[PDB]
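Colleague: Submitted below is the structure of interest, expressed as structure tokens.
Protein chains: 2
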Amino acid sequence: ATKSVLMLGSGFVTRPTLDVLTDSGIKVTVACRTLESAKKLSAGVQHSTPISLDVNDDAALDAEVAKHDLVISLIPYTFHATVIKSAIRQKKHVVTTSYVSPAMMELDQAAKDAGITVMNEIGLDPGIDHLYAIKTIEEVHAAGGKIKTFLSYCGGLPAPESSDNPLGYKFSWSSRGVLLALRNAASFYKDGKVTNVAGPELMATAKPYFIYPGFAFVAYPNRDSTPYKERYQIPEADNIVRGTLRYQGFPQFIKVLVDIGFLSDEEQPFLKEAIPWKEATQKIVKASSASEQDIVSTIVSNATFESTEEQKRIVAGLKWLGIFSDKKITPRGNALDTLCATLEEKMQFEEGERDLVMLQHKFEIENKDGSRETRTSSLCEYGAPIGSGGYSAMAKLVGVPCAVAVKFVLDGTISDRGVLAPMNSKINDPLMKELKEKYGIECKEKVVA
Amino acid sequence: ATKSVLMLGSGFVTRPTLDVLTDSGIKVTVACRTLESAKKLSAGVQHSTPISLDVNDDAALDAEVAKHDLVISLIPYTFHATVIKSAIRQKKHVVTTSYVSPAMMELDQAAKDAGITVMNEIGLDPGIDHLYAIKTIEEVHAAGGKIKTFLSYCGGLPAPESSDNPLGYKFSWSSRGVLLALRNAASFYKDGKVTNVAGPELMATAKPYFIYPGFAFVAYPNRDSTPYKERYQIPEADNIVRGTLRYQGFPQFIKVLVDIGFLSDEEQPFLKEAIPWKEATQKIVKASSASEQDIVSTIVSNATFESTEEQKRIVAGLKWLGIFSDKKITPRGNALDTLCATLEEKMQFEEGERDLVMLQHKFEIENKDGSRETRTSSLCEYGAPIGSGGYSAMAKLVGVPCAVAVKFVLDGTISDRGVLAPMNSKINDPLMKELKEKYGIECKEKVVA
């Protein structure tokens, strides 16, 4: 009479999802590579069963999956992910917050044959963003209007009062990919044409993006948004971009890091020994001395700055990280990874601080009668203060939608089998309704000249 | 030692002051221009007594003043001389949150002869700012250092999430003054000399002012900061500026109002009769057709825009205000006063919204050993949401410091007689200690060196 769920926990997002599931009368068994991790992550909630589990272990996982009705994976989905394949073998349902990839799509037919539902892209982004993007588009098309440009930007940042560090950004994991994904390429629709931008300019396109007077945001496009002309069914749109929001100064600092060779993951002989940052930076930057003046002069000769005041701030930001000091580096074989070890240590959310999620869609509309209007769909939320025991906005907006999904797959509200994403009113309406009415999670629409 | 206070109330900042004093066992008589408003403030507040009082009536005032130990004048700075003259005849203490004007200083001797303490400039700014400015200045001088430059900016604004209006600003009183600020002159110290900026070009001065990556602030100097070379006793400072903070876009919207004449003072006949905005604006902008198409193309022809993008945002803002609509106005004589009317109505804190106080001092220091460093002292606070029973940040930061000062003048912690201000450690240290330990109110210091 009671459905149980296997949750492949992953940091923050775990608590919220667990709380929603356990409160709906669902048995949840929180799995983490460490038992203590799962216990401290499942304390305070009824019907919770923590256990140790290695997901990288086929038999171990495959065996646990059969013990429950559905598998939730909050772990960033990789090409090497047994999770879904295992659910197919066990004829068990799945819910992930990951993007549907071609690799994942190949498993569609076998998932259907197995009669299981694999619901993905239902966190914050992808997730809540799809729901509201499609909602507006359907409303517009129904009124005979046209979506001329579709823009969508989302940022998981620290609240402004907690953004005081060089990147105006706080980390909770491997900045490994956070930084890596900063020099990637991007494709999107502009002026009705598939425009592309190579990494060597991505941060150069990261320009100020106005939303509210109080915030200082910048925006850059995602990997590729072109697929959305079809996925969101907007053939008439000349501009289509799904991107990311960061605070002012983020791009410029990252760009300087790139320009001086700090984002290179190219293994270095000297970066696998606890040497002084001072010496490591000298080598990475290729200066002639480990002197701060020599390092700075070298950095200035290989970087670009918009102003002297900013150059001073960026250089000050680097010094603050300690890369000009004698403090030993924590070895990681390459520049990128060695720097991340320090970034992660110097830029974590500290007790009492708050994160912030800012999501906003922008639609340039051409009405039936020929009128033009710009509509926005926004979601701005602060997380509970670190240490207060609440949820960070990020953990809430990813974990709740995901938990709702699980519930809808368990009670049949979502019955389409196979590999899904929230791309049609049949799946989306139930999701938006429950998120708005029961949890207050929603995007607010507004019109502009 | 049971005591009573006469509080000439004036609004929002009145509550925190009343709560604190009464929670401390002090009896407070709340006097307003109307017994009605007085009763609303004292409603349910223990030890509070509402009354109606005419401050402009020497006899009535002397009569009430005599019945208590100290009078708090929270009404406009204009009645302060009047209030202090009464306090001198009755030999009662006084406390205000206003700047010591010439008129108040002239009563310095008389106040001392009557044996009374007249404590002023003890709210947020003037107030908390003085305390932390002087605190750092004194610590530097004591260590042998020098204050090469002193910068201080303060802003009482809407929280970023609640800033989505044409000015990124919320009014709680007359809008006139906030709109004119950008047309006043300013005087300050820059590179060792008195520098004056005439009102005509104070506008071009409201440039972006970096504090934290998350915020988009602009700043402009106060009417005159030069006296602070003396008041803060920093003869060695080449740069001295005390100013105001607003959000991005505030200057640009004000400039368009200037360029089109909506800030005009000239008493026109058309604007004293309740006519539709459509006509009022075309009259003020001197446009042909009183329809958007023509009123808009006119404004665009007499105003400048930093970009077509900002142009669309500003025009939409003017439209959102309704100055292009059919609904009648609130005729107050001329454009400025008439426009203010609508701003009052359209831009105020509404349920769920919260304000923000951002205060930051910046010090460029030259230590005893010659090394140079930069130090900031910061206070960043959000008010309680409009709806809950909490105080806004402005109210708390103004009212609490005021109450602490009142208590101190009553129990003798502050015994200096005459017209005072928080200008030395004798007064400030106690104020600072109490505000920090009991209320958590303090500016956090940091070294951007």
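Residue numbers (the numbering used here), protein chains in the order written: chain B, 128 to 576; chain F, 128 to 576. Yeah, the Cβ is synthetic: ideal placement off N, Cα and C, and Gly gets one too.
Please list the partners that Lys446/F has in chain B, where partner means a Cβ-to-Cβ separation under 7 Å.
Modeller: Here residue 446/F corresponds to residue number 319 of the second sequence, with the count starting at 1. Correct list: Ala576.
Colleague: Determine, using beta carbons only, whether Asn461/B and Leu384/B come nearer to each other than 8 Å.
Modeller: Here residue 461/B is taken as the residue at index 334 of the first sequence, counted from 1. Here residue 384/B is taken as the residue at index 257 of the first sequence, counted from 1. Result no, Cβ atoms of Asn461/B and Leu384/B do not sit closer than 8 Å.
Colleague: Taking beta-carbon pairs under 7 Å, can you tell me which members of the segment 535-547 of chain F lie near chain B?
Modeller: Residues passing the 7 Å Cβ filter: none.
Colleague: If you draw a straight line from the alpha carbon of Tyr296/F to that of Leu448/F, how long is it in whole angstroms?
Modeller: Walking along the second sequence from the start, residue 296/F turns up at place 169. Walking along the second sequence from the start, residue 448/F turns up at place 321. Taking the straight line joining both Cα atoms gives about 13 Å.
Colleague: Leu309/F and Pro378/F: beta carbons closer than 8 Å?
Modeller: Position 182 of the second sequence holds residue 309/F. Position 251 of the second sequence holds residue 378/F. Yes.
Colleague: Mind checking if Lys262/F is an interface residue toward chain B, Cβ cutoff 8 Å exclusive?
Modeller: As a working note, residue 262/F is residue 135 in the second sequence. So, not an interface residue.
Colleague: May I ask you to report which of helix, strand or coil DSSP gives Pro354/F?
Modeller: In the second sequence, the residue the question calls residue 354/F occupies position 227. Coil at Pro354/F, not helix or strand.
Colleague: Suppose the cutoff is 6 Å on Cβ atoms and the five residues either side in sequence are ignored; what does the same chain contact list for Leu234/B look like?
Modeller: Sequence index remark: in the first sequence, residue 234/B carries index 107 (1-based). Once the five neighbours on either side are set aside, the close Cβ partners of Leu234/B are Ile211.
Colleague: With 8 Å set as the bound, which would you pick, yes or no: does the beta-carbon of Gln375/F sit closer than that to a beta-carbon of chain B?
Modeller: Your numbering for residue 375/F matches position 248 in the second sequence. Taking Cβ atoms only, chain B reaches closer than 8 Å to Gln375/F, which makes this a yes.
Colleague: Taking all protein chains shown into account, decide if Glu472/F is buried (16 or more other Cβ within 10 angstroms of its Cβ) or exposed.
Modeller: Stepping through the second sequence from its first residue, residue 472/F is reached at position 345. That one is exposed.
Colleague: Around the Cβ of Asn551/F, are there at least 16 other Cβ atoms within 10 angstroms (buried) or fewer (exposed)?
Modeller: Looking up residue 551/F in the second sequence gives position 424. Result: exposed.
Colleague: Quick check on DSSP: helix, strand or coil for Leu384/B?
Modeller: Counted from its first residue, the first sequence places residue 384/B at position 257. It is helical.
Colleague: Are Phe389/F and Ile422/F close, meaning C-beta to C-beta below 8 Å?
Modeller: Position 262 of the second sequence, counted from the start, is the residue given in the question as residue 389/F. Position 295 of the second sequence, counted from the start, is the residue given in the question as residue 422/F. No, the Cβ-Cβ distance between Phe389/F and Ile422/F is not below 8 Å.
Colleague: Shorter than 8 Å from the beta carbon of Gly295/B to some beta carbon of chain F?
Modeller: Residue mapping note: residue 295/B aligns to position 168 of the first sequence, counting from 1. Judged by the 8 Å Cβ criterion, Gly295/B is in contact with chain F.
Colleague: What residues from chain B crowd round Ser290/F, counting only those whose CB sits closer than 9 Å?
Modeller: Working through the second sequence from its first residue, we reach residue 290/F at position 163. Residues of chain B passing the Cβ test: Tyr339, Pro340, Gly341 and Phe342.
Colleague: Quick one: give me the first and last residue of the alpha helix (DSSP H) that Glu500/F is part of.
Modeller: As a position in the second sequence, residue 500/F is number 373, starting the count at 1. No alpha helix (DSSP H) holds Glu500/F; the beta strand (DSSP E) holding it covers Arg499 to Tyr509.
Colleague: Taking only beta carbons into account, state which residues of the segment 503-516 of chain B come closer than 7 Å to chain F, listed in chain order.
Modeller: Here the close residues are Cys507.
Colleague: Is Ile367/B helix, strand or coil by DSSP?
Modeller: In the first sequence, the residue the question calls residue 367/B occupies position 240. Looking at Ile367/B - three-state DSSP - the assignment turns out to be strand.
Colleague: Leaving aside the five residues before and after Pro293/B along the sequence, list all residues of the same chain whose C-beta is less than 6 Å from its C-beta, in chain order.
Modeller: Sequence index remark: in the first sequence, residue 293/B carries index 166 (1-based). Same-chain partners within the cutoff: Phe380 and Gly444.
Colleague: Taking the alpha-carbon of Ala333/F as reference, which of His174/F, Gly567/F, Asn311/F and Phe139/F has the nearest alpha-carbon?
Modeller: Counting from one through the second sequence, the residue named residue 333/F turns up at place 206. When each option's Cα is compared against that of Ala333/F, the closest is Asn311/F.
Colleague: Could you give the distance in angstroms between the alpha-carbon of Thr353/B and the alpha-carbon of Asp543/B?
Modeller: As a working note, residue 353/B is residue 226 in the first sequence. As a working note, residue 543/B is residue 416 in the first sequence. One C-alpha to the other measures close to 26 Å.
Colleague: Count the C-beta pairs between the segment 530-541 of chain F and the segment 552-566 of chain F that are closer than 8 Å, then say yes if the count reaches three, no if not.
Modeller: With the cut-off at 8 Å, the segment 530-541 of chain F and the segment 552-566 of chain F touch.
Colleague: From this set, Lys275/F, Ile153/F, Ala237/F and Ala170/F, which residue's C-alpha is nearest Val198/F's C-alpha?
Modeller: Walking along the second sequence from the start, residue 198/F turns up at place 71. That would be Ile153/F, whose Cα lies nearest to the Cα of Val198/F.
Colleague: Tell me whether the segment 273-281 of chain B and the segment 359-373 of chain B touch, counting them as touching only if at least three CB pairs, one residue from each stretch, are closer than 8 Å.
Modeller: Judged by Cβ distances under 8 Å, the segment 273-281 of chain B makes contact with the segment 359-373 of chain B, as three or more pairs qualify.
Colleague: Quick one: is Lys167/F buried, meaning 16 or more other Cβ sit within 10 Å of its Cβ, or exposed?
Modeller: Reading the second sequence from its first residue, position 40 is the one you call residue 167/F. So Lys167/F ends up on the exposed side.
Colleague: Checking 8 Å against the spacing of the C-beta atoms, do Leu537/B and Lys239/B come in under that value?
Modeller: As a working mapping, residue 537/B is identified with position 410 in the first sequence. As a working mapping, residue 239/B is identified with position 112 in the first sequence. No; because the gap between Cβ atoms is not below 8 Å, this pair is not in contact.
Colleague: In the DSSP output, which residue or residues are listed as bridge partners for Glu491/B?
Modeller: For the purposes of this step, residue 491/B is taken as the residue at position 364 of the first sequence. DSSP output for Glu491/B lists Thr276/B and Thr501/B as bridge partner(s).
Colleague: For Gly479/B versus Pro143/B, is the C-beta distance shorter than 8 Å?
Modeller: As a working mapping, residue 479/B is identified with position 352 in the first sequence. As a working mapping, residue 143/B is identified with position 16 in the first sequence. No, Cβ-Cβ distance for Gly479/B and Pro143/B is not below 8 Å.
Colleague: Please list, in chain order, the chain F residues whose beta carbon lies closer than 7 Å to that of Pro287/B.
Modeller: As a working mapping, residue 287/B is identified with position 160 in the first sequence. Those within 7 Å of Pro287/B in chain F are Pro287, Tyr339, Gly341 and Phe342.
Colleague: If we call anything under 8 Å between Cβ atoms a contact, is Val182/F one with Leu135/F?
Modeller: The count along the second sequence starts at 1 and reaches residue 182/F at position 55. The count along the second sequence starts at 1 and reaches residue 135/F at position 8. A contact, by the Cβ cut-off of 8 Å.
Colleague: Checking the sheet assignment: what are the DSSP bridge partners for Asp482/B?
Modeller: Mapped onto the first sequence, residue 482/B falls at position 355. Its beta-bridge partners are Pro285/B.
Colleague: Give every residue of the same chain whose Cβ lies closer than 8 Å to the Cβ of residue 579/B, excluding the five residues on either side of it in the sequence, and list them in chain order.
Modeller: With chain B covering 128 to 576 only, the question about residue 579/B has no answer from this structure.
Colleague: Is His257/B helix, strand or coil when you go by DSSP?
Modeller: Counting from one through the first sequence, the residue named residue 257/B turns up at place 130. It is helical.
Colleague: For a cutoff of 8 Å on Cβ pairs, would you count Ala443/B as touching chain F?
Modeller: Reading the first sequence from its first residue, position 316 is the one you call residue 443/B. Chain F, which has a Cβ nearer than 8 Å to the Cβ of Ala443/B, makes this yes.
Colleague: Can you round the beta-carbon distance between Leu188/B and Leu180/B to whole angstroms, since I take them to be within the 8 Å contact cut?
Modeller: What you label residue 188/B is simply residue 61 of the first sequence in a count that begins at 1. What you label residue 180/B is simply residue 53 of the first sequence in a count that begins at 1. Yes, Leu188/B and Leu180/B are in contact; Cβ-Cβ is about 7 Å, under 8 Å.
Colleague: Using C-beta distances below 7 Å, list every residue in its chain close to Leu306/B, excluding the 5 sequence neighbours before and after it, in chain order.
Modeller: Here the question's residue 306/B lines up with position 179 in the first sequence. Closer than 7 Å at Cβ, skipping near neighbours: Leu390, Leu463 and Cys467.
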